[PDB]
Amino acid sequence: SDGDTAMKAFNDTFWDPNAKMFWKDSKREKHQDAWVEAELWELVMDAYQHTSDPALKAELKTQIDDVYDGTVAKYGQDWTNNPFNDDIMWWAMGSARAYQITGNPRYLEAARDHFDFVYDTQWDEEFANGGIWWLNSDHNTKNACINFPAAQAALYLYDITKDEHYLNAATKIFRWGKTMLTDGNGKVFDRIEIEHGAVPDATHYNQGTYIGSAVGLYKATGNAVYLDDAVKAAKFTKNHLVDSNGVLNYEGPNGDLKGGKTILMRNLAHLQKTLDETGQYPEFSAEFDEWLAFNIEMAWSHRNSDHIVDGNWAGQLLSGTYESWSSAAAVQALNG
């Protein structure tokens, strides 16, 4: 499949098998930022689940453990001293998924201990009536990029453990986020600041983790309002975070946002599968399938001769240095 081709090319260009980490770009000079590396860990998992090539499937399963080992070799196993609660939570969520795939208890301990550190100590009701702080070093802002991933991590921990504590946490976090970090109609705000108030700037990755948490809560609770919340956020994405031709925006130059389509596509795939299975929202489901397919074909059409796709899916084929986070989005799109 094209998903196999894309993942193999991505590894050929960006994987460092000695450091067991991805390079930040094709010059192979610095390795990827820690939080982004968790998202590339999840890409490896998603390709592992997608492929049928037995040589590839075996390699990807090995790579799931290697990415963790390379990251712990550089950063250590205990992430509770990292001042960024989002970095901690992205790794907690990745570790929960790694537990589901491998059954290795080290991943359950990594997921649960880091989720518990953030939720138990960084959830606060003094500001904004709830929500998790972005940082643990300073308490100034509460952000979509910690809160919705935390709800996702809690849902994975609920599935793993069957402990209602994690469903209760997911529900509490999501409901707060819907109230304080969205417009009620699917637009996810970046954050709320103590000194400046709301910052209602929407981006791909925050639409994505909101959609993923909403789909997961729908499945865990049976409450279809959560599926509606996901549909409204997908409609917002398709109507407002695209160029004049309907292709998902390129969000650079901000380095965190450049590859955000990766997280968005991962979560849109969850919504797509749930709509296909339930037969709910059939008019939107057909429009959504068509728009996703269009976007994926545009992305793949933008590949270079090495089968790598830069994050500016709509643009001219460039030469020179490619970046692993920007380039991950197409790989993700083809492994959904």
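Numbers follow the displayed sequence, beginning with 1.
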*Using the B-factors recorded in the PDB entry, average over the C-alpha atoms of 96-104 and of 144-152, then report which stretch comes out higher.*
96-104
*asked:* If you take the mean CA temperature factor per stretch, which one wins between 167-175 and 239-247?
replied: 239-247
*If you check the C-alpha B-factor for each of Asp86, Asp229, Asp190, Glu195 in the entry, which is highest?*
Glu195
_Sorting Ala38, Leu268, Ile64, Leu275 by Cα temperature factor from the record, which one lands on top?_
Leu275
_Third of chain Cα B-factors occupied by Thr209_ = lowest
_Among the modelled residues of this chain, does the Cα B factor of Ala128 put it in the lowest, middle or highest third?_
highest
*Of the three thirds of its chain by CA temperature factor, lowest, middle or highest, which one includes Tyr322?*
highest
*According to the PDB entry, is the CA B factor of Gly260 in the bottom, middle or top third of its chain, that is, lowest, middle or highest?*
lowest
*Place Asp53 in the lowest, middle or highest third of its chain's C-alpha B-factors, as listed in the PDB entry.*
highest
